[PDB]
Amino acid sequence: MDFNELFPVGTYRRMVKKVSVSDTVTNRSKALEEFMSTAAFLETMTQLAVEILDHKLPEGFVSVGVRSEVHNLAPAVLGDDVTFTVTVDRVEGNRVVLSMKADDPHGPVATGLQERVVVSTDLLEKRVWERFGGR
C-alpha cells in the first residue's frame, strides 16, 4: 500500500448533520441541552474520516482512530443543519491526519482534527484477544 497515493492531500468529503436530542444529551449537562456536544462533533468527524479512507483500503485492512481534537467555536442549536467537511491533511507512515470544519448557515461552529492508523483486521482482532487474555 502507498498511502500517499490512496489518500492525496486535500481529498475531502462532506455531510450535513441535523442537530437532534441524541447529539446534545452527550453534553452530560442538562443546562447544555440546546446545542450539539463535543462528542457529537467528534462522532461525525469519525464517520466522515472512515467514509474517506476505508473504501480505499484493500481487503483485510481498515482504519482506527488514534487521536482526535475538537475546538468549539459557536453553538449549533437543536434543529440546526451543520455541514461537516473532513479533509486529508497529511500522511505519515501508516497514518493519515485529517482536518475538520463544521459550519452552519450562520458561520463556523467547530473545527477539529483526527489521526487514524491503517491496520490489518486480523491483527487488530488478535490484539484485542491478547490484551484480555490470561496473565
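Residue numbers run from 1 along the displayed sequence.
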Higher mean Cα B-factor in the deposited model: 88-96 or 57-65? 88-96
Tell me which stretch has the larger mean Cα B-factor in this entry, 75-83 or 23-31. 23-31
Which of 113, 124, 15, 117 ranks first by CA B-factor in the deposited coordinates: 15
Relative C-alpha B-factor of residue 129, binned into the chain's lowest, middle or highest third: lowest
